[PDB]
Amino acid sequence: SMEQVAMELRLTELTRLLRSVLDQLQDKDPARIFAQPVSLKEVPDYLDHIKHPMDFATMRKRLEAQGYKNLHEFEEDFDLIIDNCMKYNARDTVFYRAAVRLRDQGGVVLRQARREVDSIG
């Protein structure tokens, strides 16, 4: 139908905006601490601690499959990256500190993306 097409064009444009948001968030992680999944070879007990792992590569796969229906879903995944890290790692670690900086800096980017998604429908 023409409606299914129009909906698909909306999803495509959302995907385009989320791809730019993702790029901006990931620049706030210059050390690449959140770039890839925590290695189960190197942290074999990770899944006893963290039930829903997340990382930027895993978000990017979902994005490119147009697997985010709205910004709320995408934010949920970003929040898991931060929140998982802040639980698994102690406060006095480079990892926890990197999460706090990503959270603080990403907030700005996400504040305007919410306005852009409401604005452009």
# chains A, B, ... in the order shown; residues from 1 in each chain; ligands from 1
$ select_by_dssp --residues "region 25-75 of chain A" --states "alpha helix (DSSP H)" --output "list in words"
residues 25, 26, 27, 46, 47, 48, 49, 56, 57, 58, 59, 60, 61, 62, 63, 64, 71, 72, 73, 74 and 75 of chain A
$ write_last_selection --atoms "N, CA and C atoms" --output "JSON list (two decimals), in the first residue's frame"
[["chain", "number", "residue", "atom", "x", "y", "z"],
["A", 25, "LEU", "N", 27.26, 10.47, 19.76],
["A", 25, "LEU", "CA", 27.43, 9.87, 21.13],
["A", 25, "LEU", "C", 28.71, 9.12, 21.26],
["A", 26, "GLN", "N", 29.01, 8.36, 20.24],
["A", 26, "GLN", "CA", 30.23, 7.63, 20.19],
["A", 26, "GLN", "C", 31.50, 8.50, 20.14],
["A", 27, "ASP", "N", 31.44, 9.71, 19.58],
["A", 27, "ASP", "CA", 32.59, 10.65, 19.70],
["A", 27, "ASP", "C", 32.88, 11.08, 21.12],
["A", 46, "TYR", "N", 30.79, -12.21, 33.30],
["A", 46, "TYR", "CA", 30.08, -10.94, 33.12],
["A", 46, "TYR", "C", 28.56, -11.12, 33.18],
["A", 47, "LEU", "N", 28.06, -12.17, 32.58],
["A", 47, "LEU", "CA", 26.61, -12.35, 32.48],
["A", 47, "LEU", "C", 25.97, -12.77, 33.80],
["A", 48, "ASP", "N", 26.76, -13.16, 34.80],
["A", 48, "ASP", "CA", 26.26, -13.36, 36.17],
["A", 48, "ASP", "C", 25.97, -12.01, 36.82],
["A", 49, "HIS", "N", 26.64, -10.96, 36.35],
["A", 49, "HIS", "CA", 26.49, -9.59, 36.88],
["A", 49, "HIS", "C", 25.49, -8.76, 36.07],
["A", 56, "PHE", "N", 28.08, -0.04, 21.61],
["A", 56, "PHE", "CA", 27.83, 0.73, 20.42],
["A", 56, "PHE", "C", 27.79, -0.13, 19.15],
["A", 57, "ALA", "N", 28.61, -1.18, 19.02],
["A", 57, "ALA", "CA", 28.53, -2.01, 17.82],
["A", 57, "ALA", "C", 27.18, -2.73, 17.69],
["A", 58, "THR", "N", 26.68, -3.20, 18.83],
["A", 58, "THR", "CA", 25.43, -3.94, 18.91],
["A", 58, "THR", "C", 24.29, -2.96, 18.60],
["A", 59, "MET", "N", 24.36, -1.72, 19.09],
["A", 59, "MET", "CA", 23.36, -0.67, 18.70],
["A", 59, "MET", "C", 23.39, -0.39, 17.20],
["A", 60, "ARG", "N", 24.59, -0.29, 16.62],
["A", 60, "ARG", "CA", 24.74, -0.03, 15.21],
["A", 60, "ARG", "C", 24.14, -1.16, 14.34],
["A", 61, "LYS", "N", 24.26, -2.42, 14.75],
["A", 61, "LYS", "CA", 23.64, -3.53, 13.99],
["A", 61, "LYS", "C", 22.12, -3.39, 14.02],
["A", 62, "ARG", "N", 21.58, -3.11, 15.19],
["A", 62, "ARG", "CA", 20.16, -2.92, 15.30],
["A", 62, "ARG", "C", 19.67, -1.72, 14.47],
["A", 63, "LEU", "N", 20.38, -0.62, 14.55],
["A", 63, "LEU", "CA", 20.05, 0.54, 13.75],
["A", 63, "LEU", "C", 19.97, 0.25, 12.24],
["A", 64, "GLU", "N", 20.99, -0.39, 11.70],
["A", 64, "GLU", "CA", 21.05, -0.67, 10.28],
["A", 64, "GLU", "C", 20.03, -1.70, 9.78],
["A", 71, "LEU", "N", 12.83, 7.05, 19.10],
["A", 71, "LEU", "CA", 13.97, 7.47, 19.92],
["A", 71, "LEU", "C", 13.98, 6.85, 21.31],
["A", 72, "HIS", "N", 12.83, 6.64, 21.92],
["A", 72, "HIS", "CA", 12.79, 6.01, 23.26],
["A", 72, "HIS", "C", 13.54, 4.64, 23.28],
["A", 73, "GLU", "N", 13.30, 3.82, 22.28],
["A", 73, "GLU", "CA", 13.97, 2.51, 22.19],
["A", 73, "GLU", "C", 15.53, 2.64, 22.10],
["A", 74, "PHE", "N", 16.00, 3.61, 21.34],
["A", 74, "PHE", "CA", 17.39, 3.89, 21.13],
["A", 74, "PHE", "C", 17.99, 4.41, 22.41],
["A", 75, "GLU", "N", 17.31, 5.33, 23.07],
["A", 75, "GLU", "CA", 17.79, 5.79, 24.38],
["A", 75, "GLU", "C", 17.88, 4.71, 25.42]]
$ closest_residue --among "A:65, A:70, A:42, A:16" --to "residue 114 (chain A)" --atoms "only C-alpha atoms"
A:70
$ atom_distance --atom1 "CA of residue 84 (chain A)" --atom2 "CA of residue 108 (chain A)"
20.7 Å
$ closest_residue --among "A:88, A:1, A:118, A:21" --to "residue 45 (chain A)" --atoms "only C-alpha atoms"
A:88
